[PDB]
Amino acid sequence: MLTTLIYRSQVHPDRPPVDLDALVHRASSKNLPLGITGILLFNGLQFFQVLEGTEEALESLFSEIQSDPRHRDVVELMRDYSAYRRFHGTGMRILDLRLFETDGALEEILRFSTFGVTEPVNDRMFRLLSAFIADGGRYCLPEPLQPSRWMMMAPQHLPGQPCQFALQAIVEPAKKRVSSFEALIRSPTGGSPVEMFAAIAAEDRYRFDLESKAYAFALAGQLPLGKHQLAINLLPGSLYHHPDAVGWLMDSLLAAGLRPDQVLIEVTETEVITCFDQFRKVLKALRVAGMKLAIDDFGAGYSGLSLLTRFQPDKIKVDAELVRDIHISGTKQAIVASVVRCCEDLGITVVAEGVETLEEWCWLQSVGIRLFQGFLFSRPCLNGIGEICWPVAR
Amino acid sequence: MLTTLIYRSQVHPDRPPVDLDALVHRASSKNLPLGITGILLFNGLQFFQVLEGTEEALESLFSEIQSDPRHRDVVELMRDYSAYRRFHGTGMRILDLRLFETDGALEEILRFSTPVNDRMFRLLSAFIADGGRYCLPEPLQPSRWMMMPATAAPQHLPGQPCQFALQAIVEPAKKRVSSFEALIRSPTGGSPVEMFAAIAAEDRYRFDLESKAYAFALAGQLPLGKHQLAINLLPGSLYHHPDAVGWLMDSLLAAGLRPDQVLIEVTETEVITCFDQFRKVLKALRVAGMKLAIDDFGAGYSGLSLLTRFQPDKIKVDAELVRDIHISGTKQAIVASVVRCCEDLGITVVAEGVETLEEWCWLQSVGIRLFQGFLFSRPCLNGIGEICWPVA
Ligand SMILES: Nc1nc2c(ncn2[C@@H]2O[C@@H]3COP(=O)(O)O[C@H]4[C@@H](O)[C@H](n5cnc6c(=O)[nH]c(N)nc65)O[C@@H]4COP(=O)(O)O[C@H]3[C@H]2O)c(=O)[nH]1
Ligand SMILES: Nc1nc2c(ncn2[C@@H]2O[C@@H]3COP(=O)(O)O[C@H]4[C@@H](O)[C@H](n5cnc6c(=O)[nH]c(N)nc65)O[C@@H]4COP(=O)(O)O[C@H]3[C@H]2O)c(=O)[nH]1
Ligand SMILES: Cc1cc2nc3c(=O)[nH]c(=O)nc-3n(C[C@H](O)[C@H](O)[C@H](O)COP(=O)(O)O)c2cc1C
Ligand SMILES: Cc1cc2nc3c(=O)[nH]c(=O)nc-3n(C[C@H](O)[C@H](O)[C@H](O)COP(=O)(O)O)c2cc1C
Ligand SMILES: [Ca+2]
Ligand SMILES: [Ca+2]
């Protein structure tokens, strides 16, 4: 079955320039008997390749290409089924963009290429080609943000309590600064939030979720606290199945020596979406009281920034599924960069969570993320502040 | 109940400089007895104002401000309930941003106000850093444009269980018609709601699919040419007989049309509820060669997570996001982000329900080039309607 594969990559500027002549001669000669067609674009620093052929033949070739030491930062942009070949000729075509001016490159592409009965601008492949020609260095990973240039550098449990809390830090690595702490619920035996809520009767889970926060506020009250935000997770139901849940949280946090502005509530969009008029009453009560709110797991389940027409949170936490393998996904790169920009324009804080690798941290930083949560920096610490690992040079 | 109101605006660059001394002086003197506080930022071309006070007082004030001839392009950025007054003891005060060094303006603000964890402060920072971002350019001012006149030919086609109205999707910068969208009508000329209500509930999926033959027949006889044909389908009507894609393929080819010429429109709200069955339809569409568009993008608040699963050829920005975009900083930020994301992904963006020049101008400023709405073209029963173009 005919398939299209589109990727971008970049060269090593430190090494001798790649023989473009030998590359394209051997490519075109290998591709032809395998039924592989397409075009290669080169701007002096970046490669852009469109590959056409069977799914099995493109998977075999991309594996060899990803593995090729001539280039790095290989980012897949498109991979889908096709009805016709766009490129024709007994081999791989190549354009050195540096030697074309203004729109001569798009002119040479359109010489031998077929884009159907409608205008070429109606083809996604052509639009992706145009975007690389007009502005290719856009998602080119900067040299200081190359992952290869980076490397990475006590408290007891409480079984007597009905619940305990683990703390995970939100960090800003550029200033080596802890931004805030998120409280994660744990069972008396140190079990997960799943295990904890499973032990609670279903009709009592909303009330338990709200009242467990008294133990989170108390813990935060005994810690070197001072002036970091405390994020707590709540179901929206737990907030409005109660006569004054906002006022209850208010009394509970103030008795622990915390401030309204220091406490942030984390809810997801999936949880909120079914009940806007119910939630907007709760958010209003939170705002007036002085408490903050984040939209958590933004990317998982129902997620869109058109949600921001209903209300604007103080913070948006980008889901770990958008963060996962962002270094190779053109789709995830575009989406996260879009979130960063929208929130910057609206004055909404952005946190990327589930950050596990340097490659994730580096690419998230290139698209504008400054606040990070994940195992790479700091793991959740039961009833205390865990150690933070900072990325250092070399 | 305390409320915060934040907006930005632009001066008239060809008119004499307004005495801002007298403006702010009178403002501060009027604001304080009414329980209104805040500040004004000025960079030479743009204003940025924070207003604090009751919902009633700020409503009354902002209404006078919106009608004020001293400025234009008033864009509301924030309106929400507030915990406390950030500018207590300051009815109104102006800061000329050109009179400050790099962090100087922000440090002055903090010395007289009552902080990066505050949304108001972050919005203040954004205007100080890059305030010219959503500043509407001079050639894109609504007053610099005017719509043109011009002839349609609607025709009743008998012996059909349904008819189709055609509305053009246009590119005004090239005065070019991109595509035509087929909108179903009853044999009498009634709405899509009027048509489907006459069909039995369990036969509505089949009817939706089968009716498309009459849309292809229309398109082939209009000569179509190098134009796309957009058709509206329920996802359910696509995974329903086993050969639904193949049926549609046979029907369009017999009409003289090409696969790449036909685009399928499914709404964001209906797709998200059935990813699992839509996936096999997606494979068949791309093997066959037909295109896919996500319609009403934004209406189900799940467009971003949808682009994670699959990438359509086109998205059509919901008419609600287009509505009042000229005064909504929220919608301006959202649409501009969507446009930027789609540009990176190679997805075509079309704005829906474009009714006014104000909408078209601000849509243009955030990157949109394809437009659908009553401003340019109204739906025409079984034919190509007349198209109005904006002229400078
Ligand atoms: N794989 C991976 N995981 C990472 C990484 N960094 C952090 N995590 C983890 O992801 C979870 C936090 O995500 P969440 O969306 O808050 O998801 C949480 C949160 O929703 C939650 N939860 C925690 N406390 C409460 C609570 O008090 N009430 C409610 N309703 N939910 C809670 O239950 C979910 C499961 O939480 P946890 O076991 O505490 O697991 C934590 C955590 O350890 C990473 O780099 N990689
Ligand atoms: N206020 C305003 N409205 C504008 C403007 N421009 C276009 N419209 C209109 O909005 C509708 C097109 O949007 P839609 O989301 O496709 O909404 C359509 C579309 O979803 C639809 N529809 C049409 N044909 C079919 C069909 O064959 N099958 C299915 N399932 N739905 C269809 O039913 C809906 C109702 O369509 P219509 O009566 O044809 O009404 C059209 C149309 O006249 C504008 O500038 N301002
Ligand atoms: C940017 C770039 C594009 C490439 N394109 C192709 C290609 O289209 N076809 C191909 O066979 N090899 C291509 N290669 C080379 C392969 O990665 C790999 O070196 C080659 O398949 C090995 O073949 P050989 O050693 O048997 O000659 C490309 C390499 C780079 C860096
Ligand atoms: C940039 C801008 C900001 C303004 N801010 C205020 C304000 O904060 N308070 C106020 O009373 N008038 C403000 N005005 C003036 C009002 O639009 C309007 O002229 C005034 O409220 C009319 O009331 P008056 O006739 O009693 O002066 C502002 C005008 C402009 C152009
Ligand atoms: Ca959380
Ligand atoms: Ca439609």
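> Would you mind going over the packing of aromatic side chains with me for this structure?
Where two aromatic rings form a pair, the distance of their centres and the angle of their planes describe that pair. Evaluation of the coordinates by the stated rule reveals 17 aromatic pairs over all chains. We note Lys284(A) situated over the ring of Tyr81(B); from NZ or CZ to the ring centre the distance is 4.9 Å.

> What should I look at first to understand the sheet that holds strand β4 (residues 71–81) of chain A in this one?
All names here are of chain A. Judged by pairing direction, the sheet is mixed, and its five strands sit side by side in the order β4-β1-β3-β2-β5 without closing on themselves. Looking along the sheet, the strands with just one partner apiece sit at the ends: β4 and β5 (93–96). Ignoring which end each strand starts from, the neighbouring axes of this sheet average 15 degrees apart. Sheet topology places strand β2 (residues 37–42) next to strand β3 (residues 46–54); six bridges connect them, and they run antiparallel. Paired with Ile39 across the strands is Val50, a residue of β3.

> What should I look at first to understand the domain arrangement of chain B in this one?
By convention, interface size is frequently given as the accessible area that disappears when the constituent parts associate. Residue and element names in this part refer to chain B. As assigned here, chain B comprises domain 1 (1–135) and domain 2 (136–392). Computed from C-alpha coordinates alone, the two centres of domain 1 and domain 2 are separated by 41 Å. The interface formed by domain 1 and domain 2 includes one salt bridge. As a salt-bridge pair, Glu138 and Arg72 come within 2.6 Å of each other at their nearest N and O atoms. Between domain 1 and domain 2 we count six residue pairs in polar contact in total.

> I would appreciate a short explanation of the UniProt feature "binding site: Ca(2+) 1" (unreviewed entry) in chain A in the present structure.
Residues and elements named next belong to chain A. When the UniProt feature table is mapped to this numbering, "binding site: Ca(2+) 1" (unreviewed entry) covers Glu182, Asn233, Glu266 and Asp296. Across 115 residues in sequence, these annotated residues keep their C-alpha atoms within 11.5 Å of one another, forming a single compact spot. You can see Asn233 is positioned in strand β9 (residues 229–233). The residues contacting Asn233, other than those within four sequence positions of it, are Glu182, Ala183, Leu184, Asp209, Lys213, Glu266 and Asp296. There is a polar contact of 3.0 Å between the side chain of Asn233 and the side chain of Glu182. Residue class for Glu266 comes out buried when judged on its relative accessible area of 3%. Those residues within four positions of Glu266 in sequence are excluded, and the remaining contacts are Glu182, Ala231, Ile232, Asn233, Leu234, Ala294, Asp296 and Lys317.

Criteria and thresholds
- Residues numbered from 1 in each chain as written, not as in the entry; some residues may be left out.
- Chains lettered and ligands numbered in written order.
- Heavy atoms only, no water.
- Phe/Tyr/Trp six-rings, centres within 6.5 Å; stacked < 30°, edge-to-face > 60°.
- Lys NZ or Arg CZ within 6 Å of the ring centre and 35° of its normal.
- Pairing = 2+ DSSP bridges.
- Helix = DSSP H or I, 4+ residues; strand = E, 2+ residues; numbered from the N terminus.
- Axes fitted to C-alpha atoms, helices over the stretch in contact; angles between N-to-C directions.
- Domains from an automatic or database assignment.
- Salt bridge = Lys/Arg side-chain N within 4 Å of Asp/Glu carboxyl O.
- Polar contact = N/O pair within 3.5 Å; in protein donor to acceptor, adjacent residues only side chain to side chain.
- UniProt positions renumbered as here; feature names shortened; annotations may be inferred.
- Contact = heavy atoms within 4.5 Å.
- Buried < 20%, exposed > 50% of the residue type's maximum accessible area, 1.4 Å probe, protein only.

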